[PDB]
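Chemist: Give me a 3D structure for the following:
(chains A and B, ligands or ions: 2)
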Amino acid sequence: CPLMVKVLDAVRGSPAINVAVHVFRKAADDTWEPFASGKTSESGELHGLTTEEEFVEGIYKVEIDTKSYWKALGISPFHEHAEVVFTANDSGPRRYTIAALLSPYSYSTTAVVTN
Amino acid sequence: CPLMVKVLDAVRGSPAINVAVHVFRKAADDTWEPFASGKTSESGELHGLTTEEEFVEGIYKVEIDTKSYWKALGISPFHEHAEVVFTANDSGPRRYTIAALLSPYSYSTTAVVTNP
Ligand SMILES: O=C(O)c1ccccc1/C=N/OCc1ccccc1C(F)(F)F
Ligand SMILES: O=C(O)c1ccccc1/C=N/OCc1ccccc1C(F)(F)F
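Modeler: Residues are numbered from 1 along each chain as shown, chains lettered A, B, ... in the order given. Ligands and ions are numbered 1, 2, ... in the order given. Sure, structure below:
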């Protein structure tokens, strides 16, 4: 599993469950092509988005639909979604974890790249 | 000044100086149209992007060119940029500050929204 997404809720101190996540890849014509998507599990995690052979070098965008999450909890949010745009680089055997921590008016995101 | 941007560097403990910032507004046809741009000052701040009259209700995107910033320091960072997408003035006109804290493999952003 070369690409994982983990989403946390900073208000409730819990995994952010049932959050929609969309992944896009930049095509040579500078357009976002849909690549993978899913909803976070009860652990706030989304696995199995792609395979090693499909996950090639390129520019990727991970979109986290935070607005619908906060609305379902009855909280007025600021952002439309959280976006994370990065370059996947094949230097060696690498796995990418995109982690996001969510509050109604703020979010943080980090990339953990391991073997 | 209804829209300000402030950018900090978490590695050096300083304002992030000379960072390019681009603001887009979602147009009628679902396309992102250019709205304003600038560079952060020696204080890490960017003011004067727009006026109250031109900053109407809409969906806005603030793109902070973090990659160019880290590269100029010799760091190959993870993100291409930091993007912040939000609806503005949906409840009437407000003053927005978009703040971002940058590290090579991480960033955080928060909005401070005040009523004049
Ligand atoms: O990521 C991971 O492999 C991970 C896996 C399992 C459980 C927790 C984590 C890490 N979750 O990190 C949350 C986060 C995300 C973005 C910025 C800052 C944070 C902080 F809360 F850690 F500060
Ligand atoms: O910067 C400033 O003087 C500033 C100016 C106007 C409004 C708010 C602020 C502060 N903003 O707080 C930045 C910060 C601090 C600690 C963690 C994370 C952040 C982040 F917002 F950058 F993400």
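Chemist: Show me where chain A has its helices.
Modeler: In chain A, the helices defined using DSSP state H lie at A:66-72.
Chemist: What residues does chain A have near chain B?
Modeler: Proximity of chain A to chain B, by CB under 8 Å from any CB of the partner chain, involves residues A:59, A:78-81, A:83-87, A:101, A:103, A:105-113. Bear in mind the C-beta positions are built from the backbone N, C-alpha and C, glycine included.
Chemist: Give the burial count for residue A:102, as a bare number.
Modeler: 24 (other CB atoms under 10 Å in any protein chain shown).
Chemist: And for residue A:68?
Modeler: Quick note: residue A:68 (other CB under 10 Å) scores 14 neighbours.
Chemist: thought it was touching residue A:16?
Modeler: No: judged on CB atoms under 8 Å, residue A:68 makes no contact with residue A:16 at a distance of 11.1 Å.
Chemist: number of nearby residues for the residue in chain A positioned nearest to ligand 2?
Modeler: Nearest to ligand 2 in chain A, going by CB to the nearest ligand atom, is residue A:106, at a distance of 6.4 Å. Neighbour count of residue A:106, defined by other CB under 10 Å: 18.
Chemist: Check residue A:50 too.
Modeler: 17.
Chemist: so who does it touch?
Modeler: A:2-3, A:23, A:35-36 (CB atoms under 8 Å, 6 or more residues apart in numbering or on different chains).
Chemist: how near is it to ligand 1?
Modeler: Distance of residue A:50 to ligand 1, given as CB to the nearest ligand atom, to the nearest Å: 17 Å.
Chemist: Over to residue A:71?
Modeler: 21 Å.
Chemist: can you tell me which residues contact that residue?
Modeler: residue A:77.
Chemist: OK, contacts around residue A:104?
Modeler: Residue A:104 neighbours (CB under 8 Å, 6+ apart): A:11, A:70, A:75-78.
Chemist: coming back round to it: just give the nearest non-adjacent residue to the residue of chain A closest to ligand 2, would you?
Modeler: Spatial nearest neighbour of residue A:106, excluding adjacent residues (CB to CB, 6 or more residues apart in numbering or on different chains): residue B:110 at 3.5 Å.
Chemist: can I get the contacts of residue A:104 in a markdown table with neighbour count?
Modeler: Below are these laid out as a markdown table (neighbours: other CB atoms under 10 Å in any protein chain shown):
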| residue | neighbour count |
| --- | --- |
| A:11 | 12 |
| A:70 | 20 |
| A:75 | 12 |
| A:76 | 10 |
| A:77 | 22 |
| A:78 | 24 |
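Chemist: got the end-to-end distance for stretch A:54-61?
Modeler: Distance between the boundary residues of stretch A:54-61 (CA to CA, to the nearest Å) amounts to 15 Å.
Chemist: same deal with stretch A:60-78?
Modeler: 24 Å.
Chemist: And for stretch A:77-94?
Modeler: Note: stretch A:77-94 ends 34 Å apart using CA to CA.
Chemist: List the buried residues for that stretch?
Modeler: Neighbour-count burial for stretch A:77-94, counted by 16 or more other CB atoms under 10 Å in any protein chain shown, picks out A:77-86, A:88.
Chemist: Residue A:32 and chain B: what is the separation?
Modeler: Shown here: residue A:32 relative to chain B, a distance of 11 Å by CB to the nearest CB, to the nearest Å.
Chemist: That residue: what's it in contact with?
Modeler: A:24-26, A:61 are the contacts of residue A:32 under CB under 8 Å, 6+ apart.
Chemist: Fine by me, we can end here.
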